[PDB]
Amino acid sequence: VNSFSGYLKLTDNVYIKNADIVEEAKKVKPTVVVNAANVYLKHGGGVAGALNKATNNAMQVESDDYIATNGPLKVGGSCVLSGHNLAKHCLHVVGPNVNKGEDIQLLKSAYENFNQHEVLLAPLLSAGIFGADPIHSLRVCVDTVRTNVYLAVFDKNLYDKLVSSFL
Ligand SMILES: Fc1ccc(CSc2ncnc3[nH]cnc23)cc1Cl
Numbered sequence: 024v025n026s027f028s029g030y031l032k033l034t035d036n037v038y039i040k041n042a043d044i045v046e047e048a049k050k051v052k053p054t055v056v057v058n059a060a061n062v063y064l065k066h067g068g069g070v071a072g073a074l075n076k077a078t079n080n081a082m083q084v085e086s087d088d089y090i091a092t093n094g095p096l097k098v099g100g101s102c103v104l105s106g107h108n109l110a111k112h113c114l115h116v117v118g119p120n121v122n123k124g125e126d127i128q129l130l131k132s133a134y135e136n137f138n139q140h141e142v143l144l145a146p147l148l149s150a151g152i153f154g155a156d157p158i159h160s161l162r163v164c165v166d167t168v169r170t171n172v173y174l175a176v177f178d179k180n181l182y183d184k185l186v187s188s189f190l
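If you read the sequence shown in my numbering, its first letter stands for residue 24, the second for the next number, and so on.
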């Protein structure tokens, strides 16, 4: 039993809700919140900009030190950093950005990072400003993630479409 509330169950391990991931994280304080990161951990907009804003820019400060030490992530890769006031940990995961020309096949590799964590609150990778089809992202999530994932979808219209079209 966990504290996630109001989710629709899609499969044995995947759950979905129309919710603002920032507000959901602040309420649940999950062990892991997933950020829709880029390789530079520049949290300017989309989910990343919102999460970082909610940390009063502490996420960005921590991220800049991480990059100065380690260099950029790989597309499809991840790193674990602090969750600040939102969660114990933040798993920064880089899905391919279609608006940069990145290989959509890397979306499966990106979701594989979730399997290193027993339970996660997450957005749909590569959705939103990353330019991929969210219906496809949900399919890859369900077919790749084996751990327990609670998906927050900000847009109510998109949430309804994801549920109604789910096979
Ligand atoms: F400044 C802000 C502006 C917007 C929000 C809503 S969170 C959100 N944004 C974008 N895509 C998503 N996918 C799942 N949740 C989200 C929070 C803050 Cl703090």
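Backbone N, C-alpha and C define an ideal beta-carbon position, used for all residues, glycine too.
Pairwise C-alpha distance: residue j and residue i
i: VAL116; j: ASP87; result: 16 Å
i: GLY99; j: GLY118; result: 5 Å
i: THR54; j: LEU109; result: 9 Å
i: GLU85; j: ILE44; result: 20 Å
i: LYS76; j: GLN83; result: 9 Å
i: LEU96; j: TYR63; result: 7 Å
i: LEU148; j: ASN36; result: 17 Å
i: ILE158; j: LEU129; result: 16 Å
Whole-Å CB distance - residue i paired with residue j, under 8 Å assumed
i: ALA175; j: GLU47; result: 5 Å
i: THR170; j: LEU143; result: 7 Å
i: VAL165; j: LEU33; result: 6 Å
N-terminal and C-terminal residue of the alpha helix (DSSP H) that residue i is part of
i: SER105; result: No alpha helix (DSSP H) holds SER105; the beta strand (DSSP E) holding it covers 101 to 105.
i: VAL57; result: Run containing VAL57: none in the alpha helix (DSSP H); it sits in the beta strand (DSSP E), 55 to 59.
i: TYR134; result: 129 to 135
Which listed residue (the options) has its alpha carbon closest to that of residue i
i: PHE153; options: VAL55, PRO53, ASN61; result: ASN61
i: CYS113; options: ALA91, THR78, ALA42, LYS97; result: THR78
i: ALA42; options: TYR173, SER187, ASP126, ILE158; result: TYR173
i: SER28; options: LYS50, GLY72, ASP35, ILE158; result: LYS50
i: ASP178; options: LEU190, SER188, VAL163, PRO146; result: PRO146
Residue i Cβ short of 8 Å to ligand 2 heavy atom set
i: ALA42; result: As for ligand 2, it is missing from this structure, which binds only ligand 1.
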